[PDB]
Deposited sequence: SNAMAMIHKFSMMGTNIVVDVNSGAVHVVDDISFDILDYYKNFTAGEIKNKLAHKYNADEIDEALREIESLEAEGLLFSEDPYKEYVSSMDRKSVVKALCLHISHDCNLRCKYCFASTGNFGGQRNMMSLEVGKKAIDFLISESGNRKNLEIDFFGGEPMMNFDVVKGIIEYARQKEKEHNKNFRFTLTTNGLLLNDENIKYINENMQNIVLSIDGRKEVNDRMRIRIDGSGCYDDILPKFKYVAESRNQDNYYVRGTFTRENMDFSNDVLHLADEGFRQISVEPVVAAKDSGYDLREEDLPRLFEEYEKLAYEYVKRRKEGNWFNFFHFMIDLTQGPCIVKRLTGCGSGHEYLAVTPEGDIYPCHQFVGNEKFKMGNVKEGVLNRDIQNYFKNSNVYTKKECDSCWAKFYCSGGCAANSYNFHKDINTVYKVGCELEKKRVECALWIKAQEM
């Protein structure tokens, strides 16, 4: 139903009209009137606020409010509501996350990796599986993943050449991503990477002490000193574009603005630092008690974010990027289990890398190419329009849709929202909105 969200952040009052995507910057009196506008008449509102605002200035702000509602920018209704009643939608797989190896040279503690190389034959099966399951979609994505993919880099190159040849016959266009811990980068494979990887993700958690506390070799020592210069080299050889450094923050580093700003101070223009996934009973998960400190941390990062963009020493922070010009997105989410699937070196298919450890979620194996459609449709139909909690949530059209892995990890049910996750996600959106308001 019709719904707004309003918040006040660092002095700016912001109003979100949920169904239309309209976003407004309002003065204090409008902010206060909005507490009452739907359930009270103009006369009752004038009496309820008369201790603070005179009747003329209230009617003035009032005359602006229903003018905005008359044109669909406040308390608008949902135009996509009637259409969504579809559950027979054939899913189209658009991307595969290839676990190129389950071995690694680190024992990062928050990681699912804490085994086998994928054969070129399995990788070729994964390509052919993605072509037959992508239907008539030309643009396909392959993320080279796993434990550490560069420990099986020859198979990565054969997969690319294989897929690059299948493009002509099937009118496909593959875009390849590589995510690496960096330990095995060098001049020669970075040259290949800049010729062939449309995107590369470089894993580093921020300050050296934060990074080397979590991202640990089998002997127990840190990796910051080794990977940092390699990452700056990669960043600069790609003109500070088409990459990002990717950190994970846990309960151990809740002052994570310090880590984002450390990566910024080291020259990285493209940064993503994200909360740990599936960390139940780990000692790491952010808890409900931690939300006030994390909220203040996002706000202090946003303020500094605006300041550096104003002064010119800019950097991009993935969770602050947002498009204020926008049904397909509201039904898909991250796509795990239906549009986005992970493949093990053995070739087994899972919804995403966070489910690979659980055969209850195995959906088939690419060497045969026969996907369990019931699991695919179950993940497909678990989305923002079908979860009851999302239906009353103001961020439903801005959020990334939730994380099935978190949901299963904390409630053993992909359809139950992970509350800590939602509140962090809603606060991030609030910050991204305040940033847009600061840069009118």
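Hey, which stretches of the deposited sequence didn't make it into the model?
Unobserved in coordinates, per deposited numbering: 1-3, 118-124, 337-339.
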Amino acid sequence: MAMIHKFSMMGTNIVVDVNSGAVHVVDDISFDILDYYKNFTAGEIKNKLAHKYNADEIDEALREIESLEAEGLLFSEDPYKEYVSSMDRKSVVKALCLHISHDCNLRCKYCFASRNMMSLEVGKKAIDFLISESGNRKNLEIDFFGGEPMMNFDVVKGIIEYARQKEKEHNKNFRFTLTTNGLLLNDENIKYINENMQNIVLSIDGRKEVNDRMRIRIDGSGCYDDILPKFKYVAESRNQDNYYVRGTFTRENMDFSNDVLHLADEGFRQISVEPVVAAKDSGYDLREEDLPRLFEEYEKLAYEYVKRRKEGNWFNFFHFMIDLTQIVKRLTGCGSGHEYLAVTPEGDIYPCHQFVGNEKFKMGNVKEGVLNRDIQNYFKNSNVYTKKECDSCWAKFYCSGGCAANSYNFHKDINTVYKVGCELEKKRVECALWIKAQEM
From here on, numbers count along this sequence of modelled residues.
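Can you tell me which stretch has the higher mean Cα B-factor, 22-30 or 59-67?
Looking at the record's C-alpha B-factors, the answer is 59-67.
Between 242-250 and 178-186, which has the larger average Cα B-factor in the PDB entry?
According to the PDB entry, the answer is 178-186.
Using only the C-alpha B-factors in the record, can you name which of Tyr298, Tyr340, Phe144, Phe112 has the highest?
The C-alpha B-factor peaks, among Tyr298, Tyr340, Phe144, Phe112, at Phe112.
Peak C-alpha temperature factor (PDB record), options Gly206, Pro351, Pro275, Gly283
Out of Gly206, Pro351, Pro275, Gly283, the record gives the largest C-alpha B-factor to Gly283.
By its CA B factor, does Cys390 count among the lowest, middle or highest third of the modelled residues in the chain?
For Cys390, the deposited C-alpha B-factor lands in the middle third.
Taking the chain's C-alpha temperature factors as the reference, tell me which third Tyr192 falls into: lowest, middle or highest.
Highest third - that is where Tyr192 ends up once the chain's C-alpha B-factors are sorted.
Among all modelled residues of this chain, ranked by Cα B factor, put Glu304 in the bottom, middle or top third, i.e. lowest, middle or highest.
It belongs to the lowest third of the chain when residues are ordered by C-alpha B-factor.
CA B-factor placement of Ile45, once the chain's modelled residues are sorted into thirds
Middle third by C-alpha B-factor.
Consider only the C-alpha atoms of the modelled residues in this chain, order them by B-factor as the entry records it, and name the third containing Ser257: lowest, middle or highest.
Lowest third, going by the recorded CA B-factors of the chain.
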